[PDB]
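Below you will find one chain, with nothing else, as structure tokens; this is the form deposited in one PDB entry, and questions on how it binds or moves follow later.
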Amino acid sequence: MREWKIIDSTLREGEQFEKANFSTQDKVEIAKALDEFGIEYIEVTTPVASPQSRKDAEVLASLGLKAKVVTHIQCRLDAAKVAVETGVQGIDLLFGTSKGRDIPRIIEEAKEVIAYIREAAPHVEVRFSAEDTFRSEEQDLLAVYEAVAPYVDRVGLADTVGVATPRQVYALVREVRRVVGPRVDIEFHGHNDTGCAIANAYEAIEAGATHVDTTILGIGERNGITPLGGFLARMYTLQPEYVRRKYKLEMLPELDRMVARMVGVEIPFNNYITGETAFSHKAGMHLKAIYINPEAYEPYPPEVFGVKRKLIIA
């Protein structure tokens, strides 16, 4: 069934955006606004990055938000300790691409970090991801995921370089689901270098993924990851009842403006839903249809997301 949640990573992946320079107060404002919106998880930079990243994690995790606050660390004993001490509700392990590949060792090293966390904070949710998941040799990847999955709440896949294709993502998520079973959750994180972050997230869900990483406006390393708004536009057309129940969709314009303001960008003219142009109609044969029925050339209603259409009649 198509049930899924969003992990916002504006305060993690989004910090890796070129122009991101979030004050503790910027982060709190973003987190509170995402919580009001209904977002299920808020992921934050590793506490090990700096004394300020640690403090921010500590504060965000203690905000009393309905959303779970989770932090993203390298899969190391070092960083695990720091992470649990911050009070986060979840820890997202990333086993980085080093790595040749000795698999029961990798399995041992992962299970150890995971074991410490269960010991030291049994109520913290643990996710395990290998970096560059879609480009790793698949037998070894599945071998590691299959062995680690009984010990974790979730496994993730990361299209780190933004080159995975929708059918590749669908296929690999299906194989992961087959080896981890129905209980373990499956998270997808995808970069947008080839314009496939939204499509891939969607195919990931169709294949059984339960969690999708987004950032507001898609901010992140390079051209960033799956954007919150474009993702909701995609999901809304397919599950409109579900999506409108889950989230305060009319808040999207303000989330996009807030982050645009803070990182010093303009909202792209063609940005999903909230871009200057998202609902503009011009062709005569289009306009003549919008008068009998606004739906005729509209994928979704603009009022649902708190915006309006423009007609260009001249």
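Take the two forms, superpose them, and find the largest set of C-alpha atoms that agree within 1.5 Å; that set is the rigid core. Start at 1 and count along the sequence shown; that's the residue number. Shifts are known only where both forms have a C-alpha.
Heads up, the form deposited in another entry isn't pictured, but that's what we're talking about next.
Only one candidate in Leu65, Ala289, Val28, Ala260 has its Cα displaced by 2 Å or more between this form and the one not shown after core superposition: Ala289. Note: the CA-CA distance for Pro294 and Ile273 expands in the other entry relative to this form, by 3 angstroms or more.
The distance between the CA atoms of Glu276 and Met285 is at least 3 Å shorter in the other entry than in the form shown here. Remark: 96-99, 102-105, 281-296 are the runs between this form and the one not shown in which three or more consecutive shared residues have Cα displacements of 2 Å or more on core superposition.
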